[PDB]
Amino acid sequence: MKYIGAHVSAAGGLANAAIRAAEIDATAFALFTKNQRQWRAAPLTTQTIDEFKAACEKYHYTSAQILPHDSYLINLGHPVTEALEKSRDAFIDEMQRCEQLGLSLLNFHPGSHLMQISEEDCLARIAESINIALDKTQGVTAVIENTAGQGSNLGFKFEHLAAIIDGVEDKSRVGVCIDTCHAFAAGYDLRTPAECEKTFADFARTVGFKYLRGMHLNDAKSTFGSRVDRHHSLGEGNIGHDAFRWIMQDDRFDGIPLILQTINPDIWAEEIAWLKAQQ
């Protein structure tokens, strides 16, 4: 069993997301529990929480099929203590918000040294940031997403994820989410079944599939090793459809939210359908 969806919109309320997900026949969906470009959001009201749950229950979307993503503003590895504290508070908020909504996963970006600390220093801060949050919450698993490696942003090498995990105490609540566009941009080839098997065997060796808690199926507008984060619709980009079919036929990707973040939402229904047809 595979859960295929997209990062649908939460405009007008979290329940709408589940509704939007159902409208395109998704068996999985991602969302923002609050605007990802602002520091503060009004606390969830029991009304919003209830409606969201009613919506999810109506369509049978279980916690294992939902992959909320945190704020863009958060840097769990910020070189400046004050800004790091702020990022930490926010991240804690996002995780507490997931607990209220009965969501067990939280997709977030690793962090950036902003040319002001070393890589180790930045990674250890991320580890610390996670321990701190898993310490102030329950039931929510921190899912680290690999990145394209733009600017001073870490997490483009599988080794960064493995190092961040080594520093986490409660390994039961830490995981990873692989974004095809990001891995490709980082330098992990996927343009053929052969490369996919190779790129994922590597992932298996340095991180291990027991930590995979989600996927981001994006094609790339950016190029191999460009370390540029620019997505594209499935098959219209530099990666191609082969990789996505390959993924759909590999059982190592079962029981997790496979989320589309392709550039044209209007064709998400077709993309979701095509992906399913690949199994």
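Residue numbers here begin at 1 and follow the sequence given.
A.B. asks: Identify the stretch, either 193-201 or 154-162, whose C-alpha atoms have the larger mean B-factor according to the entry.
C.D. replies: Higher of the two, by average CA B-factor, is 193-201.
A.B. asks: When the C-alpha temperature factors are averaged for each of 121-129 and 183-191, which stretch ends up with the higher value in the entry?
C.D. replies: Per the PDB record, 183-191.
A.B. asks: Out of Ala148, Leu73, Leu114, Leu134, which residue has the highest Cα temperature factor in the PDB record?
C.D. replies: By C-alpha B-factor in the record, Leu134 ranks first.
A.B. asks: Name the third of the chain's ranked CA B-factors that contains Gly240, choosing lowest, middle or highest.
C.D. replies: Ranked within chain, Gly240 CA B lands in the highest tercile.
A.B. asks: Give the position of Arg97 by CA B-factor within its chain, expressed as the lowest, middle or highest third.
C.D. replies: For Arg97, whose C-alpha B-factor we compare with every modelled residue in the chain, the answer is the middle third.
A.B. asks: So where's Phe29 on the chain's Cα temperature factor ranking, which third?
C.D. replies: As the PDB entry reports it, the C-alpha B-factor of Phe29 lands in the lowest third of its chain.
A.B. asks: Going by what the PDB entry lists, where does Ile247 fall on CA B-factor within its chain: lowest, middle or highest third?
C.D. replies: Highest third, going by the recorded CA B-factors of the chain.
A.B. asks: Place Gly12 in the lowest, middle or highest third of its chain's C-alpha B-factors, as listed in the PDB entry.
C.D. replies: Tercile = middle for this residue's CA B-factor.
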